[PDB]
$ cat my_file-v2.pdb   # PDB, C-alpha atoms (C1' of nucleotides)
MODEL        1
ATOM      1  CA  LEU T 102       0.000   0.000   0.000
ATOM      2  CA  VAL T 103       1.345   3.412  -1.023
ATOM      3  CA  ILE T 104       0.002   6.777   0.140
ATOM      4  CA  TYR T 105       0.425   9.959  -1.884
ATOM      5  CA  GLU T 106       0.139  13.550  -0.654
ATOM      6  CA  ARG T 107      -3.054  15.395  -1.539
ATOM      7  CA  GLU T 108      -1.773  18.969  -1.732
ATOM      8  CA  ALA T 109       1.347  18.046  -3.691
ATOM      9  CA  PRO T 110       0.923  17.471  -7.439
ATOM     10  CA  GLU T 111      -0.225  14.137  -8.819
ATOM     11  CA  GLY T 112       2.699  11.846  -8.056
ATOM     12  CA  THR T 113       4.474  11.926  -4.698
ATOM     13  CA  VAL T 114       4.932   9.686  -1.668
ATOM     14  CA  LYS T 115       4.119  10.560   1.931
ATOM     15  CA  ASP T 116       4.928   7.069   3.216
ATOM     16  CA  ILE T 117       4.567   3.554   1.850
ATOM     17  CA  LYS T 118       3.816   0.432   3.874
ATOM     18  CA  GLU T 119       3.642  -3.239   2.968
ATOM     19  CA  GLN T 120       3.117  -6.632   4.541
ATOM     20  CA  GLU T 121       2.647 -10.260   3.536
ATOM     21  CA  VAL T 122      -1.103 -10.801   3.416
ATOM     22  CA  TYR T 123      -2.425 -14.351   3.454
ATOM     23  CA  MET T 124      -5.106 -15.260   0.947
ATOM     24  CA  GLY T 125      -6.482 -18.525  -0.367
ATOM     25  CA  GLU T 126      -5.450 -22.159  -0.489
ATOM     26  CA  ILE T 127      -4.644 -23.568  -3.916
ATOM     27  CA  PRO T 128      -4.727 -27.384  -4.028
ATOM     28  CA  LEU T 129      -1.564 -28.991  -5.323
ATOM     29  CA  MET T 130      -1.027 -31.846  -7.757
ATOM     30  CA  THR T 131       0.367 -35.204  -6.739
ATOM     31  CA  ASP T 132       3.227 -36.690  -8.715
ATOM     32  CA  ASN T 133       0.897 -38.705 -10.954
ATOM     33  CA  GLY T 134      -1.410 -35.819 -11.855
ATOM     34  CA  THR T 135      -4.401 -36.285  -9.557
ATOM     35  CA  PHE T 136      -5.487 -33.760  -6.971
ATOM     36  CA  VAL T 137      -6.515 -34.745  -3.462
ATOM     37  CA  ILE T 138      -9.518 -32.760  -2.231
ATOM     38  CA  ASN T 139     -11.095 -34.646   0.678
ATOM     39  CA  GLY T 140      -9.348 -38.013   0.796
ATOM     40  CA  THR T 141     -11.103 -38.708  -2.516
ATOM     41  CA  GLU T 142      -8.419 -37.951  -5.098
ATOM     42  CA  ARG T 143     -10.025 -36.528  -8.231
ATOM     43  CA  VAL T 144      -8.849 -35.559 -11.691
ATOM     44  CA  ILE T 145      -9.694 -32.640 -13.961
ATOM     45  CA  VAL T 146     -10.296 -33.425 -17.611
ATOM     46  CA  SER T 147      -9.470 -30.963 -20.370
ATOM     47  CA  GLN T 148     -12.094 -29.025 -22.308
ATOM     48  CA  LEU T 149     -12.562 -28.623 -26.043
ATOM     49  CA  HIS T 150     -14.275 -25.269 -26.392
ATOM     50  CA  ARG T 151     -14.633 -23.077 -29.465
ATOM     51  CA  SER T 152     -11.811 -20.608 -29.766
ATOM     52  CA  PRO T 153     -12.063 -16.830 -29.425
ATOM     53  CA  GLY T 154     -11.855 -14.864 -32.627
ATOM     54  CA  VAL T 155     -14.231 -14.303 -35.539
ATOM     55  CA  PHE T 156     -16.401 -16.753 -37.469
ATOM     56  CA  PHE T 157     -18.353 -16.119 -40.670
ATOM     57  CA  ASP T 158     -20.998 -18.784 -40.256
ATOM     58  CA  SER T 159     -24.174 -19.276 -42.259
ATOM     59  CA  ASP T 160     -27.480 -21.090 -42.056
ATOM     60  CA  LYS T 161     -28.198 -23.656 -44.766
ATOM     61  CA  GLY T 162     -31.490 -22.176 -45.878
ATOM     62  CA  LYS T 163     -33.538 -23.268 -42.859
ATOM     63  CA  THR T 164     -35.411 -19.975 -42.519
ATOM     64  CA  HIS T 165     -37.866 -17.887 -44.564
ATOM     65  CA  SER T 166     -38.765 -21.036 -46.568
ATOM     66  CA  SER T 167     -37.434 -19.172 -49.625
ATOM     67  CA  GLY T 168     -34.259 -21.159 -50.242
ATOM     68  CA  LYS T 169     -32.252 -17.983 -49.608
ATOM     69  CA  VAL T 170     -29.188 -18.329 -47.378
ATOM     70  CA  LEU T 171     -28.367 -15.778 -44.665
ATOM     71  CA  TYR T 172     -24.704 -15.286 -43.823
ATOM     72  CA  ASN T 173     -23.845 -14.069 -40.337
ATOM     73  CA  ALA T 174     -20.594 -13.052 -38.672
ATOM     74  CA  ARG T 175     -19.817 -13.463 -34.982
ATOM     75  CA  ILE T 176     -17.008 -11.966 -32.906
ATOM     76  CA  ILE T 177     -16.344 -14.082 -29.810
ATOM     77  CA  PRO T 178     -14.051 -12.503 -27.196
ATOM     78  CA  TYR T 179     -12.229 -14.440 -24.526
ATOM     79  CA  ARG T 180     -13.919 -12.467 -21.735
ATOM     80  CA  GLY T 181     -16.563  -9.825 -22.308
ATOM     81  CA  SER T 182     -19.599  -9.240 -24.494
ATOM     82  CA  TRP T 183     -19.996 -10.959 -27.855
ATOM     83  CA  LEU T 184     -21.012  -9.342 -31.117
ATOM     84  CA  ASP T 185     -23.074 -10.500 -34.091
ATOM     85  CA  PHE T 186     -23.915  -9.201 -37.550
ATOM     86  CA  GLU T 187     -26.738 -10.793 -39.510
ATOM     87  CA  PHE T 188     -28.554 -10.371 -42.811
ATOM     88  CA  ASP T 189     -32.316 -10.022 -42.789
ATOM     89  CA  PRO T 190     -34.151 -11.688 -45.694
ATOM     90  CA  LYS T 191     -34.579  -8.143 -47.066
ATOM     91  CA  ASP T 192     -30.800  -7.656 -47.403
ATOM     92  CA  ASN T 193     -30.536  -5.402 -44.368
ATOM     93  CA  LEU T 194     -27.629  -5.563 -41.897
ATOM     94  CA  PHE T 195     -28.484  -6.064 -38.229
ATOM     95  CA  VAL T 196     -26.164  -5.865 -35.240
ATOM     96  CA  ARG T 197     -26.978  -7.967 -32.189
ATOM     97  CA  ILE T 198     -25.259  -7.786 -28.800
ATOM     98  CA  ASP T 199     -25.287 -10.658 -26.302
ATOM     99  CA  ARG T 200     -28.400 -12.029 -28.013
TER
ATOM    100  CA  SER R 499     -10.775 -19.560  -1.208
ATOM    101  CA  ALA R 500     -14.450 -20.087  -1.997
ATOM    102  CA  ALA R 501     -14.024 -19.287  -5.681
ATOM    103  CA  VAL R 502     -11.209 -21.823  -6.090
ATOM    104  CA  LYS R 503     -12.439 -24.512  -3.701
ATOM    105  CA  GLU R 504     -15.900 -24.634  -5.240
ATOM    106  CA  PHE R 505     -14.372 -25.230  -8.663
ATOM    107  CA  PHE R 506     -11.894 -27.885  -7.570
ATOM    108  CA  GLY R 507     -14.335 -29.721  -5.322
ATOM    109  CA  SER R 508     -17.666 -29.520  -7.151
ATOM    110  CA  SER R 509     -17.652 -28.654 -10.843
ATOM    111  CA  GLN R 510     -18.537 -30.424 -14.085
ATOM    112  CA  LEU R 511     -14.868 -30.992 -14.959
ATOM    113  CA  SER R 512     -13.275 -32.091 -11.656
ATOM    114  CA  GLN R 513     -14.534 -35.642 -11.481
ATOM    115  CA  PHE R 514     -13.969 -38.685  -9.320
ATOM    116  CA  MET R 515     -11.142 -40.808 -10.699
ATOM    117  CA  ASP R 516     -12.102 -44.417 -11.297
ATOM    118  CA  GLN R 517      -9.035 -46.356 -10.268
ATOM    119  CA  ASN R 518      -9.611 -50.060 -10.953
ATOM    120  CA  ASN R 519      -6.640 -50.365 -13.317
ATOM    121  CA  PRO R 520      -3.527 -48.606 -14.504
ATOM    122  CA  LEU R 521      -5.214 -48.261 -17.860
ATOM    123  CA  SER R 522      -8.323 -46.649 -16.406
ATOM    124  CA  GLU R 523      -6.241 -43.959 -14.732
ATOM    125  CA  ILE R 524      -4.134 -43.270 -17.814
ATOM    126  CA  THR R 525      -7.109 -43.091 -20.158
ATOM    127  CA  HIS R 526      -9.065 -40.950 -17.714
ATOM    128  CA  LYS R 527      -6.349 -38.328 -17.301
ATOM    129  CA  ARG R 528      -6.184 -37.855 -21.087
ATOM    130  CA  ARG R 529      -9.922 -37.389 -21.559
ATOM    131  CA  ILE R 530     -11.011 -34.476 -23.749
ATOM    132  CA  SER R 531     -14.513 -33.402 -22.784
ATOM    133  CA  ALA R 532     -16.714 -30.944 -24.635
ATOM    134  CA  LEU R 533     -19.259 -30.339 -21.856
ATOM    135  CA  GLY R 534     -18.943 -27.977 -18.908
ATOM    136  CA  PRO R 535     -19.090 -24.204 -18.484
ATOM    137  CA  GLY R 536     -18.914 -22.586 -21.906
ATOM    138  CA  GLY R 537     -19.435 -25.849 -23.789
ATOM    139  CA  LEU R 538     -22.504 -27.496 -25.252
ATOM    140  CA  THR R 539     -25.165 -29.276 -23.240
ATOM    141  CA  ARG R 540     -25.342 -33.059 -23.272
ATOM    142  CA  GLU R 541     -28.984 -33.634 -24.143
ATOM    143  CA  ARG R 542     -29.582 -30.800 -26.625
ATOM    144  CA  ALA R 543     -26.508 -31.250 -28.808
ATOM    145  CA  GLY R 544     -27.185 -31.758 -32.486
ATOM    146  CA  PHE R 545     -25.747 -34.512 -34.649
ATOM    147  CA  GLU R 546     -23.092 -32.636 -36.610
ATOM    148  CA  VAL R 547     -21.034 -32.248 -33.433
TER
ATOM    149  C1'  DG L   1     -61.424  -1.968 -41.442
ATOM    150  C1'  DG L   2     -59.270  -6.291 -43.586
ATOM    151  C1'  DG L   3     -56.785 -10.004 -45.679
ATOM    152  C1'  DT L   4     -52.403 -10.978 -45.422
ATOM    153  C1'  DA L   5     -47.254 -11.908 -43.734
ATOM    154  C1'  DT L   6     -43.894 -11.910 -40.153
ATOM    155  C1'  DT L   7     -42.410 -12.246 -35.469
ATOM    156  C1'  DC L   8     -42.557 -13.820 -30.480
ATOM    157  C1'  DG L   9     -43.032 -16.842 -27.133
ATOM    158  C1'  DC L  10     -44.527 -21.240 -25.167
ATOM    159  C1'  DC L  11     -44.632 -26.415 -25.443
ATOM    160  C1'  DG L  12     -42.242 -30.922 -26.144
ATOM    161  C1'  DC L  13     -38.127 -33.924 -26.555
ATOM    162  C1'  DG L  14     -37.159 -43.109 -23.726
ATOM    163  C1'  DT L  15     -37.267 -46.744 -19.553
ATOM    164  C1'  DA L  16     -35.023 -49.214 -15.555
ATOM    165  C1'  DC L  17     -30.886 -49.680 -12.525
ATOM    166  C1'  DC L  18     -25.752 -49.097 -10.091
ATOM    167  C1'  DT L  19     -21.520 -46.002  -8.011
ATOM    168  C1'  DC L  20     -19.674 -41.518  -6.126
ATOM    169  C1'  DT L  21     -19.759 -36.303  -3.969
ATOM    170  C1'  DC L  22     -22.006 -31.933  -2.006
ATOM    171  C1'  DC L  23     -26.076 -29.137   0.391
ATOM    172  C1'  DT L  24     -25.976 -20.333   2.023
ATOM    173  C1'  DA L  25     -22.976 -15.958   3.333
ATOM    174  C1'  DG L  26     -21.631 -12.900   5.961
ATOM    175  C1'  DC L  27     -21.696 -10.057  10.323
ATOM    176  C1'  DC L  28     -21.417  -9.804  15.291
ATOM    177  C1'  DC L  29     -21.158 -10.337  19.967
ATOM    178  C1'  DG L  30     -20.064 -13.034  23.985
ATOM    179  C1'  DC L  31     -16.231 -15.060  25.358
ATOM    180  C1'  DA L  32     -11.660 -17.699  26.586
ATOM    181  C1'  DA L  33      -6.981 -16.918  26.746
ATOM    182  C1'  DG L  34      -2.866 -14.399  27.103
ATOM    183  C1'  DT L  35      -0.513 -10.363  28.400
ATOM    184  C1'  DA L  36       1.845  -5.481  30.240
ATOM    185  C1'  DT L  37       1.033  -2.823  34.016
ATOM    186  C1'  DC L  38       0.262  -1.266  38.673
ATOM    187  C1'  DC L  39       0.341  -1.703  43.295
ATOM    188  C1'  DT L  40       2.694  -4.520  47.123
ATOM    189  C1'  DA L  41       6.479  -5.554  49.944
ATOM    190  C1'  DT L  42      11.837  -5.425  51.791
ATOM    191  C1'  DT L  43      16.667  -2.357  52.717
ATOM    192  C1'  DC L  44      19.352   2.513  53.449
ATOM    193  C1'  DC L  45      19.182   7.880  54.491
ATOM    194  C1'  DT L  46      17.353  12.655  56.562
ATOM    195  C1'  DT L  47      13.163  15.201  59.076
ATOM    196  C1'  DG L  48       9.187  16.824  62.907
ATOM    197  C1'  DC L  49       6.651  16.259  67.043
ATOM    198  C1'  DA L  50       5.575  14.072  71.720
ATOM    199  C1'  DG L  51       7.254  12.036  75.939
ATOM    200  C1'  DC L  52      10.608  12.704  79.707
ATOM    201  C1'  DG L  53      14.607  12.738  83.173
ATOM    202  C1'  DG L  54      16.450  16.507  85.635
ATOM    203  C1'  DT L  55      17.029  20.241  87.870
TER
ATOM    204  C1'   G W   1     -34.908 -34.939   0.153
ATOM    205  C1'   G W   2     -32.476 -32.190  -3.870
ATOM    206  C1'   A W   3     -28.523 -31.295  -7.348
ATOM    207  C1'   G W   4     -23.803 -32.729 -10.273
ATOM    208  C1'   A W   5     -20.640 -36.557 -12.454
ATOM    209  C1'   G W   6     -19.610 -41.467 -14.266
ATOM    210  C1'   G W   7     -21.390 -46.452 -15.625
ATOM    211  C1'   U W   8     -24.750 -50.936 -17.411
ATOM    212  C1'   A W   9     -28.893 -52.954 -20.679
TER
ATOM    213  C1'  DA N   1       7.620  24.161  86.506
ATOM    214  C1'  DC N   2      10.479  24.704  82.850
ATOM    215  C1'  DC N   3      13.983  22.627  79.321
ATOM    216  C1'  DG N   4      16.942  20.339  76.269
ATOM    217  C1'  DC N   5      17.160  15.615  75.543
ATOM    218  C1'  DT N   6      15.826  10.799  73.565
ATOM    219  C1'  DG N   7      13.064   8.568  71.089
ATOM    220  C1'  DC N   8       9.390   7.404  67.961
ATOM    221  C1'  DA N   9       6.855   8.409  63.515
ATOM    222  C1'  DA N  10       6.836  10.820  58.213
ATOM    223  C1'  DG N  11       9.129  11.387  53.965
ATOM    224  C1'  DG N  12      13.455  10.885  50.230
ATOM    225  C1'  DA N  13      17.310   6.940  47.542
ATOM    226  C1'  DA N  14      18.040   1.192  46.255
ATOM    227  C1'  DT N  15      15.723  -4.149  45.023
ATOM    228  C1'  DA N  16      11.750  -8.758  44.424
ATOM    229  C1'  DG N  17       6.815 -10.102  43.326
ATOM    230  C1'  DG N  18       1.574 -10.901  42.666
ATOM    231  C1'  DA N  19      -2.796  -8.496  40.978
ATOM    232  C1'  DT N  20      -5.139  -6.934  37.801
ATOM    233  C1'  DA N  21      -6.567  -3.943  34.079
ATOM    234  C1'  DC N  22      -5.983  -4.438  29.168
ATOM    235  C1'  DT N  23      -5.760  -6.785  24.296
ATOM    236  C1'  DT N  24      -6.850 -10.282  21.108
ATOM    237  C1'  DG N  25      -8.674 -14.174  17.955
ATOM    238  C1'  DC N  26     -12.493 -17.089  17.848
ATOM    239  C1'  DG N  27     -16.985 -19.912  17.610
ATOM    240  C1'  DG N  28     -21.010 -20.188  17.599
ATOM    241  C1'  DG N  29     -25.125 -17.510  17.005
ATOM    242  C1'  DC N  30     -27.791 -14.880  14.101
ATOM    243  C1'  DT N  31     -30.130 -12.648   9.465
ATOM    244  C1'  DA N  32     -31.113 -12.180   4.079
ATOM    245  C1'  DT N  33     -24.567 -10.352 -15.105
ATOM    246  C1'  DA N  34     -25.253 -15.195 -20.567
ATOM    247  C1'  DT N  35     -24.315 -15.547 -25.273
ATOM    248  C1'  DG N  36     -23.482 -24.451 -29.146
ATOM    249  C1'  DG N  37     -31.345 -26.762 -29.916
ATOM    250  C1'  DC N  38     -34.972 -27.485 -33.219
ATOM    251  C1'  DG N  39     -39.781 -27.877 -34.659
ATOM    252  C1'  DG N  40     -44.811 -26.746 -34.316
ATOM    253  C1'  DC N  41     -48.055 -23.756 -33.502
ATOM    254  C1'  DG N  42     -50.985 -20.174 -32.073
ATOM    255  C1'  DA N  43     -51.473 -15.321 -30.696
ATOM    256  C1'  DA N  44     -49.996 -10.920 -31.404
ATOM    257  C1'  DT N  45     -48.550  -7.280 -34.132
ATOM    258  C1'  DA N  46     -47.185  -5.169 -39.312
ATOM    259  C1'  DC N  47     -48.454  -4.037 -43.610
ATOM    260  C1'  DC N  48     -50.515  -1.983 -47.480
ATOM    261  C1'  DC N  49     -54.511  -2.010 -49.410
TER
ENDMDL
END

$ encode --input "my_file-v2.pdb" --output "structure tokens"
Amino acid sequence: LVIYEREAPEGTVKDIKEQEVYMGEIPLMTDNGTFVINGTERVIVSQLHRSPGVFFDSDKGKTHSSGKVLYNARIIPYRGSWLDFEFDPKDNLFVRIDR
Amino acid sequence: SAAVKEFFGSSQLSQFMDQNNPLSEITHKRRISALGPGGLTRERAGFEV
DNA sequence: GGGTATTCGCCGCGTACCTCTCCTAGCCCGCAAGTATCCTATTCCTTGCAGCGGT
RNA sequence: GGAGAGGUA
DNA sequence: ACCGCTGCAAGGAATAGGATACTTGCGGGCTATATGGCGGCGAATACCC
């Protein structure tokens, strides 16, 4: 923790203090690769989730019964709010946020 | 502590390790699931997946 | 008004069994335990007043 | 009693 | 029948030691912000006459 001085310009030190604060307990991993939680050693499997980035997907003509496709483009962030652009059957361009 | 312990102890991806073989352990540590938080649900997943 | 198209929202998605784990969050107030402190004694010295022999 | 995971036919 | 004396308390300097006010972490006791599913269908708007 560092304390500035109010009257002095932005950027200055009146006095700075620090200490070793405890926080949390992270379980460790045995030699084999299995955690022990409550005498019931468990394992964590990996996940196969779709990657962040951009995807230009489309629907295979399963809407409007007109045989007309509708391309759409999605931006998927790693942490935040998504974003989508879509084409209405009338060739408009619609944004859509978090559905 | 709560935020980490709840994940490690009770999640959809920290599962009890069946241990009735060497092979079961080895093939369970290499599993590649697609369910869980951020994935697709078990019972409403299409066929193309 | 009126016939029509388009959208929104609700309803639904197999049976039976076995194994395991985990089940609210945060504040608060009494309360046990452990402690630093304060009053309690002893030994030395130099005063201030009441008895007291003596004449 | 309720959830989650895995398994058998 | 008056007095200076002895003597017996009251307040200063040096050590040991328990009592006791003070501080603290707890244990139980209580209160109160998602984003990979379609298909059918019927009601509720939209629309352009």

$ axis_aligned_box --input "my_file-v2.pdb" --around "range 38-45 of chain N" --padding-each-side "4 Å" --output "lines of an AutoDock Vina configuration file"
center_x = -43.2
center_y = -17.6
center_z = -32.7
size_x = 24.5
size_y = 28.6
size_z = 12.0

$ interface_residues --input "my_file-v2.pdb" --of "chain L" --to "chain R" --cutoff "10 Å" --atoms "all atoms listed in the file" --output "VMD selection string"
chain L and resid 13 20 to 22

$ write_last_selection --input "my_file-v2.pdb" --atoms "C-alpha atoms (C1' of nucleotides)" --output "JSON list (two decimals), keeping the file's coordinate frame"
[["chain", "number", "residue", "atom", "x", "y", "z"],
["L", 13, "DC", "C1'", -38.13, -33.92, -26.56],
["L", 20, "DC", "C1'", -19.67, -41.52, -6.13],
["L", 21, "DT", "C1'", -19.76, -36.30, -3.97],
["L", 22, "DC", "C1'", -22.01, -31.93, -2.01]]

$ interface_residues --input "my_file-v2.pdb" --of "chain W" --to "chain R" --cutoff "12 Å" --atoms "all atoms listed in the file" --output "number ranges by chain"
W: 3-7

$ resolve_selection --input "my_file-v2.pdb" --expression "the PyMOL selection byres ((chain L and resi 6) around 8)" --output "PyMOL selection string"
(chain L and resi 5+7) or (chain N and resi 46)

$ atom_distance --input "my_file-v2.pdb" --atom1 "CA of residue 502 in chain R" --atom2 "CA of residue 136 in chain T"
13.3 Å

$ residues_around --input "my_file-v2.pdb" --residues "residue 8 in chain W" --least-positions-apart "2" --cutoff "12 Å" --atoms "all atoms listed in the file" --output "PDB file with C-alpha atoms (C1' of nucleotides), keeping the file's coordinate frame"
ATOM      1  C1'  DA L  16     -35.023 -49.214 -15.555  1.00  0.00           C
ATOM      2  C1'  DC L  17     -30.886 -49.680 -12.525  1.00  0.00           C
ATOM      3  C1'  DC L  18     -25.752 -49.097 -10.091  1.00  0.00           C
ATOM      4  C1'  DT L  19     -21.520 -46.002  -8.011  1.00  0.00           C
TER       5       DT L  19
ATOM      6  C1'   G W   6     -19.610 -41.467 -14.266  1.00  0.00           C
TER       7        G W   6
END

$ interface_residues --input "my_file-v2.pdb" --of "chain T" --to "chain L" --cutoff "10 Å" --atoms "all atoms listed in the file" --output "ChimeraX atom specification"
/T:139,141,165

$ closest_atom_pairs --input "my_file-v2.pdb" --of "chain T" --to "chain W" --cutoff "12 Å" --atoms "all atoms listed in the file" --output "JSON lines"
{"residue": "T:143", "atom": "CA", "partner": "W:5", "partner_atom": "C1'", "distance": 11.4}
{"residue": "T:144", "atom": "CA", "partner": "W:5", "partner_atom": "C1'", "distance": 11.9}
{"residue": "T:145", "atom": "CA", "partner": "W:5", "partner_atom": "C1'", "distance": 11.7}
{"residue": "T:146", "atom": "CA", "partner": "W:5", "partner_atom": "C1'", "distance": 12.0}

$ resolve_selection --input "my_file-v2.pdb" --expression "the PyMOL selection byres ((chain L and resi 45) around 9)" --output "list in words"
residues 44 and 46 of chain L; 12 and 13 of chain N

$ interface_residues --input "my_file-v2.pdb" --of "chain T" --to "chain N" --cutoff "7 Å" --atoms "all atoms listed in the file" --output "list in words"
residues 183, 199 and 200 of chain T

$ interface_residues --input "my_file-v2.pdb" --of "chain R" --to "chain N" --cutoff "10 Å" --atoms "only C-alpha atoms (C1' of nucleotides)" --output "PyMOL selection string"
chain R and resi 536-539+541-544+547

$ interface_residues --input "my_file-v2.pdb" --of "chain T" --to "chain R" --cutoff "12 Å" --atoms "only C-alpha atoms" --output "PyMOL selection string"
chain T and resi 123-130+133-153+177+179-180

$ closest_residue --input "my_file-v2.pdb" --among "T:155, T:109, T:176, T:171" --to "residue 190 in chain T" --atoms "all atoms listed in the file"
T:171

$ atom_distance --input "my_file-v2.pdb" --atom1 "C1' of residue 27 in chain N" --atom2 "CA of residue 122 in chain T"
23.2 Å

$ atom_distance --input "my_file-v2.pdb" --atom1 "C1' of residue 44 in chain N" --atom2 "CA of residue 159 in chain T"
29.2 Å

$ resolve_selection --input "my_file-v2.pdb" --expression "the PyMOL selection byres ((chain N and resi 14-20) around 12)" --output "list in words"
residues 35, 36, 37, 38, 39, 40, 41, 42, 43, 44 and 45 of chain L; 12, 13, 21 and 22 of chain N
